[PDB]
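Undergrad: So I pulled this structure from the PDB, and the sequence comes with it:
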Amino acid sequence: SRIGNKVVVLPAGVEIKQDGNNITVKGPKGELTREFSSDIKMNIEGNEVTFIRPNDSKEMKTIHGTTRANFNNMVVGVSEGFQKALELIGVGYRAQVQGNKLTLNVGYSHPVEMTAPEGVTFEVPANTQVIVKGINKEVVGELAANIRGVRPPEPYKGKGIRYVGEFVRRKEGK
Amino acid sequence: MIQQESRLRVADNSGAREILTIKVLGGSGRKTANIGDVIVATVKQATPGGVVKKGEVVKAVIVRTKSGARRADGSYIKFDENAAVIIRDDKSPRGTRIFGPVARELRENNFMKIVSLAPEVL
Amino acid sequence: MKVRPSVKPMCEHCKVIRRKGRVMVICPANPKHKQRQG
Amino acid sequence: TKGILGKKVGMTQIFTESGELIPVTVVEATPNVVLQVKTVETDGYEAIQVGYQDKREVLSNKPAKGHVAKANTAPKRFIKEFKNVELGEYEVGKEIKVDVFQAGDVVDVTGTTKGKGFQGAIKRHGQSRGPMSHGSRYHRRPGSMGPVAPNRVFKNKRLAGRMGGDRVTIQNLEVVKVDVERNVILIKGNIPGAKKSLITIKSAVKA
RNA sequence: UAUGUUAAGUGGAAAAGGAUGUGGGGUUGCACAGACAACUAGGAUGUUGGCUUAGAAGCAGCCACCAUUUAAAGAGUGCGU
RNA sequence: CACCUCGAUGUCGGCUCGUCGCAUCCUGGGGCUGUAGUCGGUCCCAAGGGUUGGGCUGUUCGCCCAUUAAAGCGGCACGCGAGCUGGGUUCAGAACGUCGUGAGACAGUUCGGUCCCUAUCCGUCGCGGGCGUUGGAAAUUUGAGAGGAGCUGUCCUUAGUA
RNA sequence: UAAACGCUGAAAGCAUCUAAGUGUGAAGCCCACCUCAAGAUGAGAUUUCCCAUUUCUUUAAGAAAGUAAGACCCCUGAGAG
Ligand SMILES: [K+]
Ligand SMILES: [K+]
Ligand SMILES: [K+]
Ligand SMILES: [Mg+2]
Ligand SMILES: [Mg+2]
Ligand SMILES: [Mg+2]
Ligand SMILES: [Mg+2]
Ligand SMILES: [Mg+2]
Ligand SMILES: [Mg+2]
Ligand SMILES: [Mg+2]
Ligand SMILES: [Mg+2]
Ligand SMILES: [Mg+2]
Ligand SMILES: [Mg+2]
Ligand SMILES: [Mg+2]
Ligand SMILES: [Mg+2]
Ligand SMILES: [Zn+2]
């Protein structure tokens, strides 16, 4: 099997710009850029892109797959974006959004403030249902993890912040 | 400037008459105490028909000292003897009636019952 | 973490990974199966 | 930041809007004068050079008069630089009155300490005297110099020598009162120096 | 000079033992009537097989292991009640 | 084992001064828990600082008292006697027990008993003179680089909330 | 940065903190706080002052012999010693 040889659909509305390095991607949601290495060959069709490695070495197979994955991430983010849904649960826990500045009440004596960059949004459809939303999967996951690390889950009773849909094992404490 | 092996008179009717500082409390290497500082001590001379008796180990509070106390306004109190009051784990005393005077410095340290039971509080 | 040169898996769900040049065992089910070399 | 430099006078004992004493040191700050302004493009750093106490011209010298002549003032005795300050606020010839400070602000004070002379290790470093009885011949001495194996004495083994003359800061002091008519600052607490000695006052670095 | 190997400063310190480290060679299995891994649909019934125990009724202790459509299901992999 | 030291090798403990390592006693970080919470147990990282005063014994150790946030383990000629003490070490005296026919000895104990040295070199702490820094001088300075300091309890609140 | 926590992610269609990429993260490290410090012969930088004289010897970065700026001797002394 293989990933890197798998073609990559735009599908339409998305655009790109090759270069020696620092390839650029564009479309409805916005812009993105990233410095893929000059060891991969970038074949392009009107709707489909492919990456080819020079040989069958460890390193080049790795770079092949990684570049396909990152390029797919950039395209999918510019088309549909990404969003991580978090669910904070507890007796007296709640949250609220003020622009790019999230506030959190999670049991600590003081309310906690996180802040996003311009490329990321906090939604808060409900007091306990946070959603990070964005275009760079890396930054989205990083911010969601930093948030989760404020008051992470617990096994005995479940008090803490989660990813919506994950598994959180629990112990039958006395 | 009350140290280990320093002897003190007793300023209450708890039963004791003379005291000897075993150690000063507060920290690790405190080699000195003054008013408001708690003490661990023996009883070298007790009243005969007293509750507190010879040999007993007990906590105590320094209530008046020759090397006396200082106020913010430069007003300093000093005494002609070094005396202490025996207490329990709580700041309350063992006996019931304090003798002689007492410094005001104890009200900050929350020995309010001793401050009240004392006749004169300087 | 169980730091031991005799790192080896304890169940079927244990994966073995060389991470920062150290051998590690990672089980999502039982974190007591989490092991490292040292 | 900011600062001045002045002369120690002595100690006092002062009441502050209440009966609460505050011990105090007096600093006479006859108005300092800017003499030079240093910048990166000529000198390597932003700074301002300052003089405090007027000499007699017979005591001064030609190359010092030439350095003062720009500011159009008299030969100064003590000359120091102040760093980490605003240069657009200050100009050559500017006189720095004590009004610059506000009574209550926090402050840092440098000075040169009282010379105690050639002193032993006990007074110079707090080392402990040996026993004075029980056959002891070891009373005021600094002890062993170290182990055997190096065949040498390690450095910063503390010994007798000159105690005093060092430059010392005192931080987080407080300005109690200002008298611009008399050009005097009152500072809460002791500060390093003999009387008639130079002091540098500065706004606090920590605060 | 030529061919390769090593990615630890190994070289330039040392064992039992541990490891999808990497290179070479061989054997063997499966595989374009489609391998392996993933995703989707299903994963059951007479039957909650019985004994058991207040309760074990797929999985405390204890015997067997037929049958079903089948495209396939163990008289049940663990959790858990 | 007896390689160095018998034309000297000073023997334990304590004192003064400390310095180093980390196999970390406390503080600091974290994972696992048979971690409900407080306390914890264990392991990984971490040596920045700190790591008590007394009674008994010559004692190290150890026991005890009372505190501590904690009362670390070791090395540096079981650190340091041209820096101190000399209590303990059977130097010479004497005595008990025991042994010896005995002079004497310890398979044991006890009382008492001279600790010399003006620092040459390196080394260390401080202070100077000379010269240099490329004309001579007076001041202020960047700062390579070095050192010093680095600790911590209790209470209140959050809250008798989780 | 340590240990630990990872985000994205491939080798290995999944998975995975790592291989590239990226980030939290300790009383510890480099700074930040204080002091010494240009003998730092790698001898630094800035401001200001004195000026470019006489003879002899020589094409000599020459020698002595009076001086400028300035410093010192010497004396009265302590905030120093
Ligand atoms: K040597
Ligand atoms: K010998
Ligand atoms: K010696
Ligand atoms: Mg004497
Ligand atoms: Mg000899
Ligand atoms: Mg360690
Ligand atoms: Mg003692
Ligand atoms: Mg006694
Ligand atoms: Mg020794
Ligand atoms: Mg003796
Ligand atoms: Mg004899
Ligand atoms: Mg006989
Ligand atoms: Mg005698
Ligand atoms: Mg000597
Ligand atoms: Mg960081
Ligand atoms: Zn496992």
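TA: All right, it came through fine. Numbers count the residues shown, from 1 in each chain, chains lettered A, B, ... in the order given. Ligands and ions are numbered 1, 2, ... in the order given.

Undergrad: Any idea which residue is closest to the centre of chain D?
TA: What sits nearest the mean C-alpha location of chain D, by C-alpha atoms, centre = their mean, is residue D:111, with 1.7 Å.

Undergrad: you'd agree it is in a strand?
TA: Yes. Assessed with DSSP: H, G, I helix; E, B strand; the rest coil, residue D:111 lies in a strand.

Undergrad: hey, what's it bridged with?
TA: Residue D:111 forms beta bridges with residue D:168, residue D:199, as assigned by DSSP bridges.

Undergrad: packing partners for the top helix by length along chain A?
TA: In chain A, with assignment by DSSP state H, the single longest helix is helix A:58-79. Contacts defined by 3 or more C-beta pairs under 8 Å, 6 or more residues apart in numbering or on different chains; DSSP states H and E place helix A:58-79 against strand A:8-9, strand A:23-26, strand A:32-34, strand A:48-52. The way it works is simple: take the backbone N, C-alpha and C, and place the C-beta from them, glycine included.

Undergrad: and the third one, what does it pack onto?
TA: In other words, strand A:32-34. strand A:23-26, helix A:58-79.

Undergrad: For those, give me a markdown table that also has distance to residue A:90 and mean neighbour count.
TA: Putting the helices and strands packed on strand A:32-34 into a markdown table (distance: least, C-beta to C-beta, whole Å; neighbours: other C-beta atoms under 10 Å in any protein chain shown) gives the following:
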| stretch | distance to residue A:90 | mean neighbour count |
| --- | --- | --- |
| strand A:23-26 | 40 | 18 |
| helix A:58-79 | 32 | 18 |
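
Undergrad: mind listing what residue A:169 touches?
TA: Contact analysis of residue A:169 by C-beta atoms under 8 Å, 6 or more residues apart in numbering or on different chains lists residue A:155.

Undergrad: mind checking the SS state of it?
TA: What three-state DSSP gives for residue A:169 is coil.

Undergrad: and residue D:76, what does it touch?
TA: Counting by C-beta under 8 Å, 6+ apart, residue D:76 touches D:33, D:35, D:51-55, D:68.

Undergrad: Which residues of chain C lie near RNA strand F?
TA: C:1, C:3, C:30-32, C:34, C:38 (C-beta under 7 Å from any atom of the strand).

Undergrad: Can you pull the phi and psi angles for residue 117?
TA: Unless you meant another one, I'm taking chain A. With angles defined as degrees, to the nearest 10, residue A:117 sits at phi -80, psi -170.

Undergrad: Now for it, how many residues are close by?
TA: Residue crowding around residue A:117 was assessed by other C-beta atoms under 10 Å in any protein chain shown; the count is 10.

Undergrad: Neighbours of residue 18, how many?
TA: Since you didn't name a chain, this refers to chain A. Neighbourhood size, residue A:18 [other C-beta under 10 Å]: 10.

Undergrad: wrong one, chain D
TA: Around residue D:18 there are 9 residues (other C-beta under 10 Å).

Undergrad: Same check on the one 10 residues further on?
TA: When neighbours are defined as other C-beta under 10 Å, residue D:28 has 18 of them.

Undergrad: Roughly how far does it sit from residue D:159?
TA: As for residue D:28, its distance to residue D:159 is 38 Å (criterion: C-beta to C-beta, to the nearest Å).

Undergrad: Residue A:142 now?
TA: The gap separating residue A:142 from residue D:159 is 57 Å, by C-beta to C-beta.

Undergrad: Quick one: neighbours of the nearest residue to residue A:14 once chain neighbours are set aside, just the number.
TA: Leaving out its chain neighbours, the residue that sits closest to residue A:14 by C-beta to C-beta, 6 or more residues apart in numbering or on different chains is residue A:27, at 4.0 Å. Residue A:27: 19 surrounding residues under other C-beta under 10 Å.

Undergrad: Next, the contact list for residue A:27, please.
TA: By C-beta under 8 Å, 6+ apart, the contact set of residue A:27 is A:13-15, A:75, A:78-79.

Undergrad: same thing but 7 Å
TA: By C-beta atoms under 7 Å, 6 or more residues apart in numbering or on different chains, the contact list for residue A:27 reads A:13-15, A:78-79.

Undergrad: hmm, which two among those are most spread apart?
TA: The largest separation in the contacts of residue A:27, counting by C-beta to C-beta, is between A:15 and A:79 at 11.2 Å.

Undergrad: In chain B, which residue sits nearest RNA strand E?
TA: The minimum distance from chain B to RNA strand E, using C-beta to the nearest atom of the strand, falls at residue B:28 (39.3 Å).

Undergrad: where exactly do the strands run in chain A?
TA: Ranges of strands in chain A, per DSSP state E, are A:8-9, A:15-17, A:23-26, A:32-34, A:41-44, A:48-52, A:82-87, A:94-98, A:101-105, A:112-115, A:120-122, A:129-134.

Undergrad: Sorry, slip of the keys, the one I care about is chain D.
TA: With DSSP E, the ranges of strands along chain D come out as D:3-15, D:21-28, D:32-38, D:47-51, D:79-83, D:95-96, D:106-112, D:117-119, D:161-163, D:167-179, D:184-188, D:198-203.

Undergrad: Out of those strands, flag the one nearest residue B:65.
TA: Residue B:65 lies closest, by C-beta to C-beta, to one member of these: strand D:21-28, at 21.5 Å.

Undergrad: Surely residue B:19 is in contact with residue B:40?
TA: No. Counting by C-beta atoms under 7 Å, residue B:19 does not reach residue B:40; the two are 10.2 Å apart.

Undergrad: And the two? Which one has more around it.
TA: Between residue B:19 and residue B:40, counted using other C-beta under 10 Å, residue B:19 has the larger neighbour count: 27 against 14.

Undergrad: Go ahead and report the secondary structure state at that one.
TA: Three-state assignment for residue B:19 (three-state DSSP): strand.

Undergrad: Does it have any beta-bridge partners, and if so which?
TA: Bridge pairing for residue B:19 (DSSP bridges) gives the partners residue B:8, residue B:43.

Undergrad: what separates it from RNA strand F, distance-wise?
TA: Using C-beta to the nearest atom of the strand, to the nearest Å, we find residue B:19 at a distance of 14 Å from RNA strand F.

Undergrad: same deal with residue A:108?
TA: Applying C-beta to the nearest atom of the strand to residue A:108 and RNA strand F gives a distance of 8 Å.

Undergrad: count of residues packed around that residue?
TA: Neighbour count of residue A:108, defined by other C-beta under 10 Å: 10.

Undergrad: same check, this time on the one 4 residues further on
TA: Other residues near residue A:112 come to 14 when the count uses other C-beta under 10 Å.

Undergrad: go on, residue B:53?
TA: The tally of other residues near residue B:53 (other C-beta under 10 Å) stands at 13.
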